[PDB]
Amino acid sequence: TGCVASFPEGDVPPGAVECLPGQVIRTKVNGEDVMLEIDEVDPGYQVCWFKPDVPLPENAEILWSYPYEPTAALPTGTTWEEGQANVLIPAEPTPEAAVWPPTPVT
Amino acid sequence: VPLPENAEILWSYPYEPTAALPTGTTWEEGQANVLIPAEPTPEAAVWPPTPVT
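Just so you know, the protein sequences line up as chains H and h, in that order.
At position 50 of the first sequence (counting the first as 1) the number is 209 in the entry's author numbering, and the numbers step up by one without a gap.
At position 47 of the second sequence (counting the first as 1) the number is 259 in the entry's author numbering, and the numbers step up by one without a gap.
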């Protein structure tokens, strides 16, 4: 529920749950149950989970948000659109197949 | 809380979690019949004037 937002460093809004580097977050992203581990938040900035009860501060950027579904038993989670989050799949370049040298025969 | 079937919402509130001073409701014309008391002011009590010929 709520939203996760990036805002400049300093005083934390009362009610917001800080999400520091090393923080693990169980969520649902595009129907996929996932764990998000925070790694290398940028300097001069910090990230916090803002429940709907908590007002956001100024100069905040909502990285991702959740819908209002209080009656729902199985929540839907989020929907990271193209451009909202840059997910990188590892390239995994299959190197050249190791070939044994054939000896020549005249 | 999910509502049951065959339920009629008499009045509802908006979603305002960040709000400190809530707005409450807005009973539209036809949503609620409020009756003001009529308070019919009866006839002013007049004292009988006696006649004088």
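We put the beta carbon where it would ideally sit given N, CA and C, even for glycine.
Residue-chain proximity (residue i, chain H), Cβ-Cβ < 8 Å
i	result
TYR227/h	yes
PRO252/h	no
Nonlocal neighbours in the same chain, by C-beta distance under 7 Å from residue i, ignoring five residues either side
i	result
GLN243/H	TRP223
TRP208/H	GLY161, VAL163, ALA175, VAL176 and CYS178
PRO202/H	none
Any chain h beta carbon closer than 8 Å to residue i
i	result
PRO211/H	yes
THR230/H	yes
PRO172/H	no
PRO249/H	no
Range of the contiguous beta strand (DSSP E) that encloses residue i
i	result
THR265/h	It is not in any beta strand (DSSP E) - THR265/h carries neither H nor E in the DSSP assignment.
residue 354/H	Because chain H is modelled from 160 through 265, residue 354/H falls outside the range shown and cannot be assessed.
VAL213/h	Where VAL213/h is concerned, there is no enclosing beta strand (DSSP E), given that its DSSP letter is neither H nor E.
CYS207/H	205–209
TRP239/H	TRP239/H -> no beta strand (DSSP E), and no H or E assigned at all.
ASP192/H	191–196
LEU222/H	220–224
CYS162/H	162–166
Straight-line gap, residue i to residue j (C-alpha atoms, nearest Å)
i	j	result
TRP239/H	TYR204/H	21 Å
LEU233/H	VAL213/h	14 Å
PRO226/h	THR230/H	16 Å
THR235/h	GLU228/H	22 Å
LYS210/H	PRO173/H	11 Å
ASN218/H	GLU168/H	11 Å
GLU191/H	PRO216/H	30 Å
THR265/h	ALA250/h	43 Å
Neighbouring residues, chain C, relative to residue i (Cβ below 7 Å)
i	result
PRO214/h	Note that chain C does not occur in the displayed structure, where the protein chains are H and h.
Proximal residues to residue i (C-beta, below 6 Å), its chain only, five neighbours per side dropped
i	result
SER165/H	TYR204, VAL206, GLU220 and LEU222
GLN182/H	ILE197
Close-in-space but distant-in-sequence residues of the same chain around residue i (CB under 8 Å, 5 per side omitted)
i	result
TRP259/h	none
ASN189/H	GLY236, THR237, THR238 and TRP239
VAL193/H	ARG185, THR186 and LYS187
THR253/H	none
Would you check if there are 3 or more beta carbon pairs closer than 8 Å linking the segment 244–251 of chain H to the segment 190–199 of chain H? At 8 Å Cβ cutoff, the stretches do not touch.
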